[PDB]
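[1] 3D, please:
(one chain, ligands or ions: 4)
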Amino acid sequence: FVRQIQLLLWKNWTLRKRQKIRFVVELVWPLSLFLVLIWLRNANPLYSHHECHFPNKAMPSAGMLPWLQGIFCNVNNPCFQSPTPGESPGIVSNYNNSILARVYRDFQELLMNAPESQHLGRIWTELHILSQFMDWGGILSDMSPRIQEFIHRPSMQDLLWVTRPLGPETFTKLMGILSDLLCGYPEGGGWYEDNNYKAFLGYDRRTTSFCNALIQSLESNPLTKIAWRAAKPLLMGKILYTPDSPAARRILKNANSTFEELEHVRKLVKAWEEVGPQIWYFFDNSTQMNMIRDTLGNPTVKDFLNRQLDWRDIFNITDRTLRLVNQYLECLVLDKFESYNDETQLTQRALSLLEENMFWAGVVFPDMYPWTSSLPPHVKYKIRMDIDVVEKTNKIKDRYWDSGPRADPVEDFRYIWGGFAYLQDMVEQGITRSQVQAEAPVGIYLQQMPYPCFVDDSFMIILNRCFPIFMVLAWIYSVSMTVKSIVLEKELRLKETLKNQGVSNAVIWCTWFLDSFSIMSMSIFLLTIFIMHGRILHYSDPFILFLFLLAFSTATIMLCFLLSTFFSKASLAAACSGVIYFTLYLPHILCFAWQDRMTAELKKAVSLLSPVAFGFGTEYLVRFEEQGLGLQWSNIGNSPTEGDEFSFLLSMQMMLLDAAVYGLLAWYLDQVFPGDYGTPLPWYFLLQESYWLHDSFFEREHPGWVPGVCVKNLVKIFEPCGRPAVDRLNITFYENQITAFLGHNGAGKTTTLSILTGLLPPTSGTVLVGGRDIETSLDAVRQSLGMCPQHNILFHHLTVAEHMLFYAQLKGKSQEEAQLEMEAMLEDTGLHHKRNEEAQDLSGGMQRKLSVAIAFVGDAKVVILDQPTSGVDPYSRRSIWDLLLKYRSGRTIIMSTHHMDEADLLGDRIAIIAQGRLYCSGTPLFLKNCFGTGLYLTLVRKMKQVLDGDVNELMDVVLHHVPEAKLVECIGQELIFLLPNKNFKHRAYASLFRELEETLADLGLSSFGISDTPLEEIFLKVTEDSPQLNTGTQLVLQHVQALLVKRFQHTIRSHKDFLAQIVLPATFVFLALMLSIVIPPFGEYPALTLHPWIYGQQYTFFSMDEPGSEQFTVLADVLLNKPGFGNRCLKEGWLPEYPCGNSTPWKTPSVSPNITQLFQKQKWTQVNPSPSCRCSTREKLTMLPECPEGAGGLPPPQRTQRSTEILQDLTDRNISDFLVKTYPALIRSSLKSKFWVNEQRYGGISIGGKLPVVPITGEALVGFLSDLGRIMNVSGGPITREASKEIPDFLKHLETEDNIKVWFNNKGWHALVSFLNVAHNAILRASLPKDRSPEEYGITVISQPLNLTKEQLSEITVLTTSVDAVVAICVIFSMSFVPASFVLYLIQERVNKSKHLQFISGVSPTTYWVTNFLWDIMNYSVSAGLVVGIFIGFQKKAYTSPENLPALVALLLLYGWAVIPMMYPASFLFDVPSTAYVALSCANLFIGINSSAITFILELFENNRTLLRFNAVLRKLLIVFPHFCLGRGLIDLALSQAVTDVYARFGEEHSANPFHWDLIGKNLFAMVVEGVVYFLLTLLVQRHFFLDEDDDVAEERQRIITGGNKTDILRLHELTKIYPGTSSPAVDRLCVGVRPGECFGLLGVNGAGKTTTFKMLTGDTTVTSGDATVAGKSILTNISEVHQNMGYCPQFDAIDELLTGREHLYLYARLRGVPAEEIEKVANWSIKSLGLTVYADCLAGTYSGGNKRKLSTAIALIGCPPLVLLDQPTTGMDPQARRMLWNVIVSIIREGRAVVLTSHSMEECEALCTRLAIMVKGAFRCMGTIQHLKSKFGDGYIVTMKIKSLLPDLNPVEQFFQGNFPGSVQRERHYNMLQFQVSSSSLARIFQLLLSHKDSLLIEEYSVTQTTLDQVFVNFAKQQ
Ligand SMILES: *[C@@H]1O[C@H](CO)[C@@H](O)[C@H](O)[C@H]1NC(C)=O
Ligand SMILES: *[C@@H]1O[C@H](CO)[C@@H](O)[C@H](O)[C@H]1NC(C)=O
Ligand SMILES: [Mg+2]
Ligand SMILES: [Mg+2]
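    Numbers count the residues shown, from 1 in each chain. Ligands and ions are numbered 1, 2, ... in the order given. Now the structure:
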């Protein structure tokens, strides 16, 4: 058993060593597929980041001025590297380096603090007041130098130098100068609606016209448009509140403090607009004019005072600046809060407002009723906002933790730039202002927590989605190859011929599994090494990956085993295998979309498919990679997400279970659906059963004669045509005998012998073999059987010696005995010189000898030979005769022959069948006694060229010498007579033979040989008693019509192949689309009350700064102990889901003394207060840095409050260092015991802060301005008074001191708003009046987004884009598997000679290829129409939109037009169909998928500009492949529609045309050019480099060489061919000339070079030397006319397996140009005059062995060519059929044409052949006419005898011959016959002497020939 696997594996590895290219490709293909990933990985480095310390973010509780400053400066999240001054303990400004700050600092330190300056100013003011009442100088001069250095210092100097440019490039520069002016940051900085496909796309307002023009100027340009779209609602929007109760009115009246404060500046600018003209009037006409005149008069008045030490223009610019400001500020909408009454009405008005983009928010107070006016203690509200302006509500944090602070100022701060945090703060400030009478002014500053230096690997996003698909597409080639190999091996009968030799089924399955597993193991080892050392996966243990890949290889091998039991034709198993393998992977892509509602049970159930479990395992690999973990043998078994029972170990466990199930199911189905050549198939309950899985022509059984094989009432009916092939046999083959099985063609010989084996199931009767019935016990029978099939089936690239060694060892023989057996059986069959020639380079006869040879190796007790010698020369048949007669001791040999002398000699009991049933059977002597026995004399006639002599005088002579004589046959010089055998004169016959011998030339006879009754005459008795269209347009149209009809007639009968190659890919696309529409329905967004305890079990900290105040002390208390941190545990109940726990006393954690030693040892104080922990990445990646033991100082004291959370009082510590340096430890402590990471600190509140406020005190400013108004006569104004009336409340709410900071972590989405809510609860509860318990009161915010049917942009567009990309790659799959199906039929034709036979007819390469291209275009058009119809049906708007449908149609049709002529040249490489199919399909798959993946992933995630430069080039490099063109077209058609949908969502409706020359038009034009160029190229590939002698022979050579004759048709001249790598000419130096009236016969030993001569004569192979002129036109130069003057019948039949005989004749009569009116008669004649009358309407596949030769001969003869080359026309044909063919050929050569006939039956080439030529070793020996040959090379008579009873009885006759005929050699003494070459005087003496002693001896049969041709041929074969 192990030995048998050893042998099969050795054979497989030998055949694999013979072909190394396929091996290398099979080991390299997946590595080749895994190249774009390695290139991208080498393209994207790590790029570790830095600390990223973030600045403050003010809020409307902190006043207005810092609010706007923090809106303007912090609009980008600058990401500094060094800590901001905002994270200092009691400092919150964060703008200390601003130039205004420096100038103000200088102004304060110099001027105001200076006491003398204040005194001087007061003195000047008092003097001015005294002067006004009426209506010092040194001190003022003293402060004049004080002013100087104030300008000189670089603050004021810088202010002037930077205001001097004041602004070219306002968009570029104005914000630059403002940002350097207002704040002073030290240089901080830090699909997709991209223009990639953008370019292709292409109101009264009830407001002042100023703002009409303003909004249009904003709306018109995208640079101003996308910013305005997000900024508009805040400046112009509305706010809507439902309850309308006076309580809500009170809350919102208290909440307009910001908007009233913003309206105050509008009041002031209006006041200046009014009052300015008064200033101008005072400067123009006032007492100032007298003042100036006095100043002008100073040189005459105060010249000394003057010497001691534009107005319009400055007033002008100031007037302009204020007005330009005024026009903008005028139409801000600062009356926002607009009441309503119900939720539904609010939503209706929200729909009304959102279209114009005004809706800001809607505030709903659920607890309120319209008739309410008292605020409850615990008040709640909900801020209903849009969904593109508020973060998602159903989820609280992203599914997978990835490193990164999440600080993008656009896609993460939706709560800030959108306007949720601001409005929440205004409303909560309103509430805390309405409950308590007091205020407690405390502003709130956010602060984002800092971060360590991460690495941010940019590759893991790409490898996240394209890794499983590539790791699955890697193995599609191996899967297709394994399934195709299994099906092809079981289709070519190569598996049944193994089961006959003894091997079981278990061994075959085991070797298939072992070989496939070894190959997959090699490729997998290579793949894991390549991935590891390619740095694609960094941390993952390679051993785990290797084991995972082994598990998947086993699973996919068993899947291949299951798939191989479905199909039965390799042309049908090459497409379905790959498509079904990929179809079992789409469920994984569907499972990626849901990502939820995936119960582990359902995940396992879906994973019950192996390629889905592989996808799951790959997902877990990728997830564990992006965490720095990897699967180090402990990580296995636990998922990286929140809660999954699914894991990695269980993934490959399910894979192994899948492999087991598939293997068991394949094994079960194999024995119930065995296929075509299957044995009697067991019933479906094989496991259930306890048993393991004229009646006188027949001779009676003689005594003894034990039977070996019995057949009883056998019936076999091939269904489609009835007509049972084997009707009712009652045969019984015996033990020690060679039973010859004869019968006419299509009688039931091969079918009966196949039923005798297991190859076919009988449909009735029983077949006992050796006593063991055949359907029940077929294994014991086949342990001792050897068969030789009619069509030789044997491995190609195995040699001869290896064939015999394989088959001899496969039956128990030790290595050594196989050597002896092979040597002996090479000696016995004459194959010694061909020991090492491959079994495909052998000649036909040598293959036939090898088959019968390998049928006898080992000891088989039932040997079944089917045509053992059909195509073997008359000499090599003696070797086979001795071989049979030697192995007849106990074997029940059963030979089915068509040579009657063979069956008479060898057969010991013959049985003739006819029409299925047995006709007669018995010992041949008994048969000849039953039917008419007689004595036949077969006299030939010569020619002078009309056949010499006449049948009149010969007839008269024969009837004169014997009056009863009947003429039996007279076909072409044969003229066989029949004479009576009983009661003859003994003298009349002798006189007749004397008369014939003495006059052998007067009658023209040349030969005559008597014979006792042969078997052939008995068998004949049984059988009887049982013009051209002219060239040009007409002929080309006829050729096109004929070829199209042939293709159609072949297609319509094999409908399964047409479906599985055309319609199935469309079904695959349809299934992909049907899975595309199964997506979860959109559910509405929930309430999501915002509180910090959402995440649960977290760390929070607080830091009490500024501890001297009392209000902050009570604030810290009411935030710490009494009411708790947040809103939970407020003594009344809140969210019963979250309980009210108990607290823990103040506790400080322990620490190692190592830390304490470090902390009292060094002196790193107040900068770097903890060891600056290294965070490098280049050495080891370690995304989160490793940091020493003293990371963040000694741990701060902690406790657990009533709410479950850890409070860390980091009061007197560095905050930023603590969080930065203890983040990684906090993450790592979360990683363990859970294997999924999550941060445990989400924020805290740091009480304390200060904001330096200028001391204006309010009243001083208004008094100062009023004093200037009284003095300057500028006082007075309605609007001026109205604006200046509320000044103190304008300076109150500007800036707020004593603030609160709120540290928040953004990786939890709802952290900032929840902690803002907590802070406002603290400020309310701190501000409360006394005696009122703080616990009762609180606030809570609810965030329910607006109740619209809409998804967020960040999710809906990616879903649709990914879906369309997947659909595109599925379409590429489908349309790449189709065009490879057009090479199956081309190779099927080329491997046969059907293409060459059509070329021998009128068809010329251009017409053939053009017609094939037309048919392929039609079929592809059908498939593309199916795909397009599917897209129309599913309403995929991206492709089937009325603007994008022509693009799709053109794309698909031109891809079909452009890829087919690319597949045509590949039909010249592969020599087996279904291997070209697999290879071409896999190549197309790889090219198209890779090109589309590149144009997709690189475009979406390759920001690097260096990659883009290479990519741009590669587009133009890859334009050459039409697959790339189709991929780009489809992906761009998806992306353009995605972008258009994004645009139309906002309301622009941008429409694009697809045919832009940059979009897809280049692809279309390139496809056209590619199609034309490739068709010309395939035509070129077709046209160019397509993939001392005797005396008579010497005389003919001189005749040809010196002067060539002018009457010959065929004139060979020094023909020669040396086969490549042989070093000995197969055919060398032939010179013959065939006249137009003779049948030149080319006899020859096997492997002498006969078929090669025909091959080079027609034009198949390549001549090596010399011409061969056919009717004038040479071969080497021009072959078209040679083909026009020739008809060829190949040795091996070249027919189409699915066209009847009639349609074959119709095709080949149309091709030769017979007119369409005279084709019925030609077909009828060729059908009637060659047999074929019954089988003229059955497919050429359902033909018998000889009925294919009949068809080939009929094909060769249509069209009347004047030179017909028949290459063995009669091999395996009935005597009657070959008689009719002789009649045809004789008619031919009598009509006036010539035929070159090759045959191995010497009766033939003696009857109808005019001139012979025996060819040995590639050169002639005789080349003479029949008479002259039998004269020069022969003498004497041949007395052949047959004695009856064995070998020791042969002695008396030898003594008789030696005593009578003195000189008489002995030739060919077989087991029972003798053949002496007597040299007597005359034949009458031999006849009389042999007949008179016939009774004394035991002569059964006899024959006295006269130097037959067999003697000549056997002499030649013996010599060489
Ligand atoms: C809001 O949507 C919810 C479903 O999530 C529905 O119950 C409710 O009636 C809707 N309210 C309005 C005002 O449309
Ligand atoms: C503290 O721990 C370190 C860690 O190995 C050790 O080497 C050292 O000896 C300990 N004692 C000190 C630093 O005093
Ligand atoms: Mg047969
Ligand atoms: Mg041959």
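[2] The residue of the chain found nearest ligand 1 - how many residues pack around it?
    Closest contact between the chain and ligand 1, by C-beta to the nearest ligand atom, is at residue 1084 (3.2 Å). The way it works is simple: take the backbone N, C-alpha and C, and place the C-beta from them, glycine included. Neighbour count of residue 1084, defined by other C-beta atoms under 10 Å: 11.
[3] For it, give its distance to residue 415.
    Residue 1084 is 20 Å from residue 415, where distance means C-beta to C-beta, to the nearest Å.
[4] Those residues of the protein touching ligand 3, which are they?
    Residues of the chain lying close to ligand 3 by C-beta under 5 Å from the ion are 750, 790, 1745.
[5] Where do the helices of the stretch 651-800 of the chain begin and end?
    With DSSP state H, counting those that start in this stretch, the ranges of helices along the stretch 651-800 of the chain come out as 749-756, 779-782, 800-809.
[6] can you pull the buried residues of the shortest one?
    This points to helix 779-782. Buried residues in helix 779-782, defined by neighbour count with 16 or more other C-beta atoms under 10 Å: 781-782.
[7] Give me the distance from that helix to the chain's centre.
    Centroid displacement of helix 779-782 relative to its chain, using C-alpha atoms, centre = their mean, to the nearest Å, is 45 Å.
[8] Pull the residues that contact that helix.
    Applying C-beta atoms under 8 Å, 6 or more residues apart in numbering, the contact partners of helix 779-782 are 499-500, 502, 504, 758, 769-770, 772, 774, 862.
[9] Number of residues surrounding residue 1007?
    20.
[10] So what's the residue count around the nearest residue to it once chain neighbours are set aside?
    Setting aside the residues directly before and after it, residue 1007 is nearest to residue 940 in space (C-beta to C-beta, 6 or more residues apart in numbering), at 4.6 Å. Neighbour count of residue 940, defined by other C-beta under 10 Å: 23.
[11] quick one, helices of the stretch 501-650 of the chain?
    Under DSSP H, counting those that start in this stretch, the stretch 501-650 of the chain gives helices at 505-533, 542-564, 570-573, 576-583, 586-594, 600-606, 610-625, 649-670.
[12] which SS state does the nearest residue to residue 1574 once chain neighbours are set aside fall under?
    Closest residue to residue 1574 apart from its sequence neighbours, by C-beta to C-beta, 6+ apart: residue 1461 at 3.9 Å. The three-state assignment at residue 1461 reads helix, by DSSP: H, G, I helix; E, B strand; the rest coil.
[13] Wait, a helix at residue 1341?
    No: membership of residue 1341 in a helix is not supported by three-state DSSP, which gives strand.
[14] Return the nearest residue of the stretch 1801-1920 of the chain with respect to ligand 4.
    residue 1815 (11.1 Å; C-beta to the ion).
[15] Tell me which residues touch that residue, please.
    Counted by C-beta under 8 Å, 6+ apart, residue 1815 has contacts 1642-1645, 1648-1650, 1821.
[16] how near is it to residue 1591?
    Counting by C-beta to C-beta, the gap from residue 1815 to residue 1591 is 17 Å.
[17] What of residue 1193?
    Residue 1193 is 120 Å from residue 1591, by C-beta to C-beta.
[18] What of residue 911?
    Using C-beta to C-beta, residue 911 is found at 49 Å from residue 1591.
[19] Between those two, which has more neighbouring residues?
    residue 911 (23 against 10).
[20] quick one: that one is in a helix?
    No: the assignment for residue 911, made by three-state DSSP, is strand rather than a helix.
[21] SS state for residue 1731?
    Here residue 1731 is recorded as coil under three-state DSSP.
[22] Run through the residues that contact it.
    Counting by C-beta under 8 Å, 6+ apart, the residues that residue 1731 touches are 745, 1747, 1750, 1777, 1780.
[23] Can you name the residue of this structure nearest to ligand 3?
    For the chain, C-beta to the ion, closest residue to ligand 3: residue 750, 3.1 Å.
[24] tally of neighbours for that residue?
    By other C-beta under 10 Å, the residues close to residue 750 number 22.
[25] Leaving out sequence neighbours, find the closest residue to the residue of the chain found nearest ligand 4.
    With C-beta to the ion as the measure, residue 1651 is the residue of the chain nearest to ligand 4, at 4.1 Å. Leaving aside its sequence neighbours, residue 1651 sits nearest to residue 1691 (C-beta to C-beta, 6+ apart; 5.3 Å).
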